[PDB]
Each structure stands twice: as C-alpha cells, then as structure tokens.
Amino acid sequence: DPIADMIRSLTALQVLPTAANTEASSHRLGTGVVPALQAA
Amino acid sequence: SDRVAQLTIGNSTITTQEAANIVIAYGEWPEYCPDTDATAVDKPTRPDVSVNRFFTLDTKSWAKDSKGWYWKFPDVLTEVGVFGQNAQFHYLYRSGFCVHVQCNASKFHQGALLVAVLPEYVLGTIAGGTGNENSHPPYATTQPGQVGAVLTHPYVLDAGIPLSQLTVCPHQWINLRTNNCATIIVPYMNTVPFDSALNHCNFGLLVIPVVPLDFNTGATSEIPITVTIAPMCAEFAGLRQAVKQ
Ligand SMILES: [Cl-]
Ligand SMILES: [K+]
Ligand code: NA
C-alpha cells in the first residue's frame, strides 16, 4: 500500500479426426490482398 | 414406339426406325463426380457440348467369315476433336458414354451380332501356342485406336474367358431380321474417381457375329457396321501441356 511497485499460451488444442476439406474457390483479381507472398 | 428412336446430344442427332430399346449399363446413368467421392482439389473443366456429342469412327465390313472386332475406351477418342485435345492436355479424365452401333441389311439377309461392353477388358496372348512362352500383347493390340482391332479367338475373347457368358455384361444384339442398331449407355466405372485417358482403358466394346452373316448370291454383299459414340458428362483435371502417351 505505501509502496506501489509491489503490486500464458496464445494457442490450444482441437480435435481433427479428418484432413481438412477443400472449399470451392473462384478467381480473385485485386490489389492489397496478397496471400501468396510470405516472410519466412 | 420402342422400335423408333432419336438421340440428340451436342450438335448431333441419331435416328433409327428399327431399334430394340436402349440399355442403361448396370442401371446407372452417367454423372459428374460428386464432392464426397472426389479427391483431386483443382476445379475441373466440363466443356459440355464441345465434347459430349456423337463421334463416328471408321466403318468395318461384315463378311460371311468375320471373327469380330473390339475397341477400347477412351482410347478410340484420344485423338479426335475437342475431346481428344482435352484428354491430352489433362492428367485426369472421367466420363460416361453412349454407344450406338449401326448395321442394316435387307429382309432377305440374316445374322446376329452380339454388342457388349466389358469393363477392364484385359487381353491375353496365345502364349506361343504351346504355352511355354510368356508373351504379351503389343501397344497396338491393347490400345488399337479408333480403328479398333480384330479378335483372333472370339470363342475365348482373346482372354481365356467364354464368349458364351459375355451376356452377363451390358449388351444388346443386332439380329438382322429384328433391328438395325444397338444402344448402350455406360456410366463411369473405376476404382478411382478420375484417371488417365491414356494409360487406362475403362472398358472395351465388343461386336461379335455369333450367328454368321448369310444371304443368297445376288443380294448386296457389302454389309458394313458403324460405330458412333458420345462421351457423357466428360470432366477433366490436372491441366498441363499436351501429352499423346
Ligand atoms: Cl475362336
Ligand atoms: K474433414
Ligand atoms: Na500473406
């Protein structure tokens, strides 16, 4: 009280019995979005 | 009203005034591959009318001594029209077929062709006659192209199996005194959802004269047999450059 200075994991488990599905997608043509580019 | 018929698909139409119904192989209509069964993830191309239409191949001549012929699918069309082009440019292919075999004569001729579809028609050799030689059929025999090939031993279908039992497969007969064509609709059959149109022939079409052609001399002797086929629900995937084999 008379001395103020005297006062985790962002990822967890899921159940995945099967491989991920593939959702149908179409063409995407635009600026700003660029999922193919990465920074290893 | 069962003897008359018309088949229209794509920019092509077939007519017949002496049919004997139509066979739907194993009772199933061809259909595009459903998402539950599919495995390849790329969106396929389904050209529709440019490939699901009737193609007429080279005609054969039926003689009093013919042994019989056969064609392999999809081999017959790998180099015809837009269908062939798609089969060459893609790794994966899948489709069904409408097979229409034609042969007309006169009310004075006689004979009977058995028209059948045999899935996975694997051929064998006569093993050097004695059976001590483990020979194999050459490409030209297993995949004869659009010209088809001739059976050397129809009785055993060049494969050690009895012609007498071929009727256990989807078929029709062209009995000259009754009809002049056979029509069979074939659905895709394989252990995989799509496959190579070049390396694997899904089925073979056999046309064998079980009751030999005959007629009195003076009657027309050139009695041809013509095969017209149409891919149905043709789908392709795994696009890349064109490959012929
Ligand atoms: Cl024989
Ligand atoms: K899943
Ligand atoms: Na990104």
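Tell me which residues come under 5 Å, amide H to amide H, from B:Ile24 once H is placed; ignore anything under 5 positions away on its chain.
Under 5 Å from the amide H of B:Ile24: B:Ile185.
Under 5 Å between amide H atoms, partner at least 5 residues away or on a different chain: which partners does B:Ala197 have, H built in plane at 1.01 Å?
B:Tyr93
Could you name the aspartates and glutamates in cross-link range of B:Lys244, using Cα to Cα under 14 Å and dropping any fewer than eight places away on the same chain?
Counting by Cα, and skipping residues close in sequence, B:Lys244 has these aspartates and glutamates nearby: B:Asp75, B:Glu79.
With chain B treated as a Gaussian network of Cα nodes joined by springs under 10 Å, which of B:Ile208, B:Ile184, B:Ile161 yields the largest mean-square fluctuation?
Sorting by GNM fluctuation, first place goes to B:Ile161.
Can you give the convex hull volume of the alpha carbon atoms of chain B per residue, in Å³?
137 Å³
Scan chain B and report its longest stretch carrying no trypsin sites (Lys or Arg not before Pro) that are both in a DSSP loop and have at most 13 other Cβ atoms within 10 Å.
With a cap of 13 other Cβ atoms within 10 Å, the longest stretch comes to B:108-176.
Roughly what would the spin-label model give for B:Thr8 and B:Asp58, points 7 Å off Cα along C-beta, in nm?
Placing both labels 7 Å along Cα→Cβ, they lie 3.3 nm apart.
For the protein assembly as shown, what D do you get in µm² per second when you plug the Kirkwood radius from alpha-carbon pairs into Stokes-Einstein at 20 °C and 1.002 mPa s?
Diffusion coefficient, whole number: 97 µm²/s.
In chain B, once you exclude exposed chymotrypsin sites (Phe, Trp or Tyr not before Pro) (DSSP loop, at most 16 other Cβ within 10 angstrom), what's the longest stretch remaining?
Segment B:109-245 is the longest.
Please name which of B:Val227, A:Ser26, B:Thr217 has its Cα lying farthest along the dipole of the protein assembly as shown towards the positive end, using unit charges on Cβ (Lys, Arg +1; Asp, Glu -1) and the Cα centre as origin.
B:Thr217
Check cross-link reach from B:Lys72 to the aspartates and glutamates: straight Cα distance under 12 Å, and skip same-chain residues fewer than eight apart.
Hits, sequence-local ones excluded: B:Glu120.
Taking chain B as a Gaussian network, where each spring joins two C-alpha atoms under 10 Å apart, which residue of B:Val168, B:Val99, B:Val227 fluctuates the most?
Result: B:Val168 has the largest fluctuation of those listed.
In terms of Cα to Cα distance under 25 Å, which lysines are near enough to B:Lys107, apart from those fewer than 8 places away along the same chain?
Within reach: B:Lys60, B:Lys64, B:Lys67.
Pick from B:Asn180, B:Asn132, B:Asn52: which is most flexible by mean-square fluctuation in a GNM of chain B where alpha carbon atoms under 10 Å apart are linked?
Top of the fluctuation ranking is B:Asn132.
Each reported figure results from applying straightforward, stated rules to the coordinates on display, with no laboratory input. When we count neighbours, we look across all protein chains shown, and the Cβ atoms used for this are built from the backbone with ideal geometry, even at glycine.
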